[PDB]
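Enquirer: Following this message is one structure expressed as structure tokens.
A short reminder: the numbers here are calculations on the coordinates, not readings from a lab. Don't worry about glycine lacking a Cβ; one is built from the backbone with ideal geometry, like all the others, and counts go over all protein chains shown.
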Amino acid sequence: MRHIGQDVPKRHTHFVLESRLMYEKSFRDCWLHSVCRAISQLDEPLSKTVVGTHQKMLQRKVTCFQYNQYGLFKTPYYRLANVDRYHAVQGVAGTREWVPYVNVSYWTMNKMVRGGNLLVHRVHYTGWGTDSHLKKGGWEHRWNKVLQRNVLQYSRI
Amino acid sequence: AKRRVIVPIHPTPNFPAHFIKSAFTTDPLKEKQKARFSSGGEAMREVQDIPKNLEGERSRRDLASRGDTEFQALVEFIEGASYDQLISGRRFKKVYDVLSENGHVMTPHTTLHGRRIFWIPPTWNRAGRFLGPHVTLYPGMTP
Amino acid sequence: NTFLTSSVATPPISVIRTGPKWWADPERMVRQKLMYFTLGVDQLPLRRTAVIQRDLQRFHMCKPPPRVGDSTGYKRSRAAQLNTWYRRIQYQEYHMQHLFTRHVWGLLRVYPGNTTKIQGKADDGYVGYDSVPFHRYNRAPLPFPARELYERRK
Amino acid sequence: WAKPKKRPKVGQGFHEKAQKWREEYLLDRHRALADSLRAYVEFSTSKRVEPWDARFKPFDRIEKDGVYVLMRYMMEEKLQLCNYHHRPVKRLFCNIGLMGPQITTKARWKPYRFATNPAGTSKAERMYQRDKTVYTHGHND
Amino acid sequence: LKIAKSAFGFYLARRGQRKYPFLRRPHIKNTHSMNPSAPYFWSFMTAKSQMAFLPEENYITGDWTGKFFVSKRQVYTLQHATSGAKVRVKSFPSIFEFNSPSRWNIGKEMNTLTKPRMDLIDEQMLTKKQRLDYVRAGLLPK
Amino acid sequence: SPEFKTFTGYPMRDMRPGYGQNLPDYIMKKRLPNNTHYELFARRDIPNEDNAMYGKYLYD
Amino acid sequence: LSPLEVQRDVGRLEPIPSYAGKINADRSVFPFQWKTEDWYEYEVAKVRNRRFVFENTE
Amino acid sequence: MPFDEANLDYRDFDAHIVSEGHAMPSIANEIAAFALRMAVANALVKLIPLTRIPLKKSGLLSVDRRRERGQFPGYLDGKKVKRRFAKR
RNA sequence: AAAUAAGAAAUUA
């Protein structure tokens, strides 16, 4: 510490590790958080069994419990910083400066693609691509088709 | 002047002496000049035009077993119409030598883009957006 | 008329230069013809226009005929003369369309777009509900509510 | 990419100035708020010009016939209760049903900012003569 | 960045005037948070439902020594006015205090009571060049 | 509708303007982040990729 | 002559195709013409059913 | 047109056209019509072989290869228009 | 800013 015997060339790479822990904290807190939200905000009766004064009471009890949880991770994902695992360059996701499937910044994607490190395939810079789905409706459509095979092809039970 | 310094590369199991003097220079006013060309076994024999001096039994074996080179050249040029080859201007040039022995606002920047025979094909370090010579961006429908 | 707001006027020649895209778009030309026919009046200028333009469209992908150089410049001047003829044949039409449309709107108790003349009714441009509170070109103040060109019964 | 120059220090006694300025900006905002609430409610409560555009039908028709008959005898009381504000007026016309599908389709209504003028408005200039000291979003007289 | 107003002046690039996807700009700078509306007073930059509970930040959650400023999403409550206790908020340059308590504040978040961008400008936090550019826009007198 | 090029056969979005991540109804039908790609990123994308497979000291 | 029985080669005489005047005309058969409601329903059904397959059958 | 060029009576033929491309609520527009005309003409040629010679000469069977430019974020409109330029 | 599924036609070194 205090720049004595530092192992990595960029110190900020460590931040990337910190980020990982954030996601970990979210896995630990998501279910809990969301349940406490849903039970708190519910105006209709909770159920046949819990109604009226009991329900009001229980609602307040729960949001009191949720406020008491120190360090519970409530931060929405789009507000977490995206930072490269390689050069610790940052980019805004949903922008052309962040590349989502490798999760690296434009700067690193460029460097890694041009000196061959990533295996990708070059496609004409101006179109939609080789891909059928993108060719049809662009980004939104492909987004949809991904939803369709993750979820909708199942008739859940 | 903040004069840049380059430290010599010594020969290595993958990086032999001639590779080093030819691909690496310690004087950095000579960087980014241009490509140098050299010749190997056959292209050297073509460029250097070494007349073969006559020799022992193999050389006369190959003076008697030679056949018509006027014809062989012709055949090899023709053979480019075969399904697995192209027709070469080089093959033609060799035949010729044996017979005669006695848009427009951008085509600086389109310089790779037609159907181009290559020598060295371009590579992704040196070419940003080019797709390759075989590519058809605006295909027609053919039965 | 639904489109009421102040507008930007384009010189006739640039309107004609749109060719198939607007000025000669088949769809538009047909309902001009409908207006004339219904009023019981031949549409000759429209038909001239349609002829010229029809043919423009047919040859629109060809290269022009090869030019031999002349000191006279008779060729260049004859091409020009023909061209400005056609331009004028179409000016006449463009005028007819604006003319008859304004007149017909006068008969239908239609209110034109802002700052527009309707010969018998609004001599200076008619305006009501503009973004700007005065009449734009008179520089006179506008009444509330919007001025009425026609007597009330419908 | 040049190294960023350092920002100069803050100021001396600027912390006091910022405190005071925000303090009384807020105190002022209380009266600006009070006044604009007064204005908003005064507007909701007071009458407006007729919302419909008379240049089109079924509104152009002489005031003794058609829609105006329908208004004078069946809808009048209600139209006055809502003070000719253009939203409830248009809704009442939908619910009177004796016009029926026409309200949105054939009939034309004045644009938002004109329909908001106080009843009695004579010249168009009125839109621009309303008070700018008050934060109603054009919902003030 | 050109000038470093914080640490991040060193790490971040501006990228000219660059467009971000809708309602995601990397840095949340709410210039509009105090933006007067009489008719929208209870719906603008406040809770979407009036049956929502006050945020985390109106409550003392754990064993505290004390705080320096309370958060700006804290909502001003009748006790803020009545109790006569320090109510601070972190604004720039330093901190804004609610000193002069009014009931007109009640039920809104302090986001909304603190003007982010003041009409007041320090001439001493400005370079001579920057002061010139503020005179061009007709802000500073000269 | 088979009339639009974007036709998946299923109701991709529901057409409700106000609908938000806030609502108890949304919370009740919602995919939790556990064991999704987020977890995969959490573990495999880290500064020295080999530290994902083994303790450096151990290996060394 | 139906257009298929006409001899259109100036230089040849070709055997008349066996379907030439024979196939008859029912709008029920062809050309394909259909109600929009049914088309919608068909298309959607066909997407929703991709996975209802009994693989293992006697 | 293809029934004309081939000197045929359109009433002797039944046709159904099928859209295999990007579906849209309205295909009435000249480009789509160009494609239609072509489909019909190719079918007609498979049906009455000799009819191919008039058709081919009138350029019905001929396919033009044209496309809207691929989308691309460099351009303002996403296709043809480069962004504003200022001298330094 | 543009001669690229659009529709523009005549003053080279």
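Enquirer: Which of the residues belonging to chain G are among the hydroxyl-bearing types (S, T, Y) and closer than 30 Å to F:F4 by Cα?
Expert: G:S28, G:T36, G:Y40, G:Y42, listed by residue number.
Enquirer: Here's another thing I want to ask about it. Anything in the stretch C:117-153 that is under 26 Å from C:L99 (Cβ atoms), among the charged types (D, E, K, R) and within 12 Å of chain D (Cβ to nearest Cβ)? List them, or say none.
Expert: Within the stretch C:117-153, C:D130, C:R147, C:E148, C:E151 qualify.
Enquirer: I'd like to verify a number: residues in the stretch E:74-100 that are in a helix (DSSP H, G or I) and surrounded by fewer than 16 Cβ atoms within 10 Å (Cβ to Cβ), how many?
Expert: Qualifying residue count for the region: 3.
Enquirer: Is it true that B:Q72 is outside any loop (DSSP other than H, G, I, E, B), polar (S, T, N, Q) and more than 28 Å from A:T126 (Cβ to Cβ)?
Expert: Criteria met by B:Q72.
Enquirer: Which of the residues that make up the stretch H:31-88 are hydroxyl-bearing (S, T, Y) and surrounded by fewer than 14 Cβ atoms within 10 Å (Cβ to Cβ)?
Expert: Selection gives H:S62 alone.
Enquirer: Sticking with this one: Determine which single condition G:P31 fails, assuming it passes every other condition in (1) within 14 Å of chain F (Cβ to nearest Cβ); (2) in contact with a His (Cβ under 6 Å, 6 or more places away or on another chain).
Expert: Unmet for G:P31, out of (1) within 14 Å of chain F (Cβ to nearest Cβ); (2) in contact with a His (Cβ under 6 Å, 6 or more places away or on another chain): (1).
Enquirer: Can you run down the residue pairs with Cβ atoms below 6 Å, 6 or more apart or on separate chains, where the first is in the stretch H:61-88 and of a type in the set (S, T, Y) and the partner is within 9 Å of RNA strand I (Cβ to nearest atom) and in a loop (DSSP other than H, G, I, E, B)?
Expert: Cβ pairs passing all conditions: H:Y75/H:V81.
Enquirer: Taking only pairs six or more apart or across chains, which ones have beta-carbon atoms under 6 Å, a first residue in the stretch E:114-142 that is within 30 Å of E:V87 (Cβ to Cβ), and a second residue that is of a type in the set (D, E, K, R) and surrounded by 15 or more Cβ atoms within 10 Å (Cβ to Cβ)?
Expert: E:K115/D:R22
Enquirer: Okay, next question. Does H:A15 satisfy the condition of being more than 12 Å from RNA strand I (Cβ to nearest atom) and surrounded by 15 or more Cβ atoms within 10 Å (Cβ to Cβ)?
Expert: Considered against the rule, which asks whether it is more than 12 Å from RNA strand I (Cβ to nearest atom) and surrounded by 15 or more Cβ atoms within 10 Å (Cβ to Cβ), H:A15 comes out as no.
Enquirer: If you don't mind, another one. Assuming C:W23 fulfils every condition listed in (1) closer than 26 Å to C:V110 by Cβ; (2) within 12 Å of RNA strand I (Cβ to nearest atom); (3) outside any loop (DSSP other than H, G, I, E, B) apart from one, which condition is it?
Expert: Checking C:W23 against (1) closer than 26 Å to C:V110 by Cβ; (2) within 12 Å of RNA strand I (Cβ to nearest atom); (3) outside any loop (DSSP other than H, G, I, E, B), the one that fails is (3).
Enquirer: For the stretch B:85-143, enumerate the residues that are farther than 19 Å from A:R122 by Cβ, part of a loop (DSSP other than H, G, I, E, B) and under 20 Å from the mean Cα position of the chain (by Cα).
Expert: Scanning the stretch B:85-143 gives B:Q85, B:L86, B:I87, B:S88, B:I117, B:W119.
Enquirer: Separate question: Show me the helices (runs of 4 or more DSSP H) found entirely inside the stretch D:1-107 where at least 3 residues are over 21 Å from the mean Cα position of the chain (by Cα) and not hydroxyl-bearing (S, T, Y).
Expert: Per the criteria, D:14-45, D:67-70, D:86-96.
Yes or no, residue by residue, for (1) surrounded by 10 or more Cβ atoms within 10 Å (Cβ to Cβ); (2) among the hydroxyl-bearing types (S, T, Y); (3) more than 19 Å from A:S26 (Cα to Cα):
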| site | (1), (2), (3) |
| --- | --- |
| F:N22 | yes, no, no |
| F:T36 | yes, yes, no |
| F:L40 | yes, no, no |
| F:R44 | yes, no, no |
| F:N51 | yes, no, yes |
| F:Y59 | no, yes, yes |
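Enquirer: Here is a further query. Test each condition in (1) more than 30 Å from A:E97 (Cα to Cα); (2) within 14 Å of chain A (Cβ to nearest Cβ); (3) within 12 Å of RNA strand I (Cβ to nearest atom) for H:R67 and report the one that comes out false.
Expert: Only one criterion in (1) more than 30 Å from A:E97 (Cα to Cα); (2) within 14 Å of chain A (Cβ to nearest Cβ); (3) within 12 Å of RNA strand I (Cβ to nearest atom) is unmet by H:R67, namely (1).
Enquirer: Further, regarding this structure: Taking the criterion of being facing another protein chain (nearest Cβ under 9 Å), of a type in the set (A, V, I, L, M) and surrounded by fewer than 12 Cβ atoms within 10 Å (Cβ to Cβ), would at least one residue in the stretch A:116-133 satisfy it?
Expert: No, the conditions are met nowhere in the stretch A:116-133.
Enquirer: If we scan the stretch C:71-87, do we find a residue that is more than 14 Å from chain D (Cβ to nearest Cβ), more than 13 Å from RNA strand I (Cβ to nearest atom) and surrounded by 11 or more Cβ atoms within 10 Å (Cβ to Cβ)?
Expert: Yes, the stretch C:71-87 contains at least one residue that is more than 14 Å from chain D (Cβ to nearest Cβ), more than 13 Å from RNA strand I (Cβ to nearest atom) and surrounded by 11 or more Cβ atoms within 10 Å (Cβ to Cβ).
Enquirer: Might you check whether a residue that is of a type in the set (K, R) and surrounded by fewer than 16 Cβ atoms within 10 Å (Cβ to Cβ) occurs anywhere in the stretch E:101-110?
Expert: Within the stretch E:101-110, one or more residues are of a type in the set (K, R) and surrounded by fewer than 16 Cβ atoms within 10 Å (Cβ to Cβ).
Enquirer: Need the failing condition index for B:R45 against (1) away from RNA strand I (no atom under 16 Å from the Cβ); (2) more than 14 Å from chain H (Cβ to nearest Cβ); (3) exposed (fewer than 11 other Cβ atoms within 10 Å of the Cβ), just the number.
Expert: Failed condition: (3).
Enquirer: Could I ask something else about it? Could you grab me the full set of residues in the stretch C:115-153 that are in contact with a strand residue (DSSP E or B) (Cβ under 7 Å, 6 or more places away or on another chain) and of a type in the set (S, T, Y)?
Expert: Those that are in contact with a strand residue (DSSP E or B) (Cβ under 7 Å, 6 or more places away or on another chain) and of a type in the set (S, T, Y): C:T115, C:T116, C:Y126, C:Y137.
Enquirer: Going by the conditions given, is C:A24 within 28 Å of C:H103 (Cα to Cα), of a type in the set (A, V, I, L, M, F, W, C) and in contact with a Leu (Cβ under 8 Å, 6 or more places away or on another chain)?
Expert: Judged against the criteria, C:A24 is a match.
Conditions tested, residue by residue: (1) in contact with an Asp or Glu (Cβ under 7 Å, 6 or more places away or on another chain); (2) more than 9 Å from RNA strand I (Cβ to nearest atom); (3) more than 21 Å from C:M61 (Cα to Cα); (4) not small (G, A, S).
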residue: H:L50; (1), (2), (3), (4): yes, yes, yes, yes
residue: H:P54; (1), (2), (3), (4): yes, yes, yes, yes
residue: H:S58; (1), (2), (3), (4): yes, yes, no, no
residue: H:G78; (1), (2), (3), (4): no, yes, yes, no
residue: H:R83; (1), (2), (3), (4): no, no, yes, yes
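Enquirer: Among (1) within 30 Å of B:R116 (Cβ to Cβ); (2) of a type in the set (G, A, S); (3) not in a loop (DSSP other than H, G, I, E, B), which single condition is B:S38 missing?
Expert: (3)
Residues checked against (1) of a type in the set (D, E, K, R); (2) under 30 Å from C:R48 (Cα atoms); (3) surrounded by 15 or more Cβ atoms within 10 Å (Cβ to Cβ):
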site	(1), (2), (3)
C:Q97	no, yes, yes
C:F100	no, yes, yes
C:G113	no, yes, yes
C:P133	no, no, yes
C:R136	yes, no, yes
C:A146	no, no, yes
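Enquirer: Among the residues of the stretch B:100-112, is there at least one that is touching a helix residue (DSSP H, G or I) at 6+ places or on another chain (Cβ under 7 Å), under 30 Å from A:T130 (Cα atoms) and surrounded by 11 or more Cβ atoms within 10 Å (Cβ to Cβ)?
Expert: So far as the stretch B:100-112 goes, no, none of its residues is touching a helix residue (DSSP H, G or I) at 6+ places or on another chain (Cβ under 7 Å), under 30 Å from A:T130 (Cα atoms) and surrounded by 11 or more Cβ atoms within 10 Å (Cβ to Cβ).
Enquirer: Looking at the stretch E:89-121 only, could you name the residues that are closer than 17 Å to D:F14 by Cα and out of contact with any helix residue (DSSP H, G or I) (no Cβ under 9 Å at 6 or more places or on another chain)?
Expert: E:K90, E:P116, E:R117, listed by residue number.
Enquirer: Among the residues in the stretch C:55-68, are any over 30 Å from D:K57 (Cβ atoms), within 18 Å of the chain's Cα centre (by Cα) and near RNA strand I (Cβ under 10 Å from one of its atoms)?
Expert: no
Enquirer: In addition: Just checking, which of H:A6, H:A33 is closer than 28 Å to G:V29 by Cα, within 11 Å of RNA strand I (Cβ to nearest atom) and away from chain A (no Cβ under 14 Å)?
Expert: On inspection, the qualifying residue turns out to be H:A33.
Enquirer: Test D:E42 against the stated conditions and say whether it is more than 8 Å from every other protein chain (Cβ to nearest Cβ) and more than 25 Å from D:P111 (Cβ to Cβ).
Expert: no
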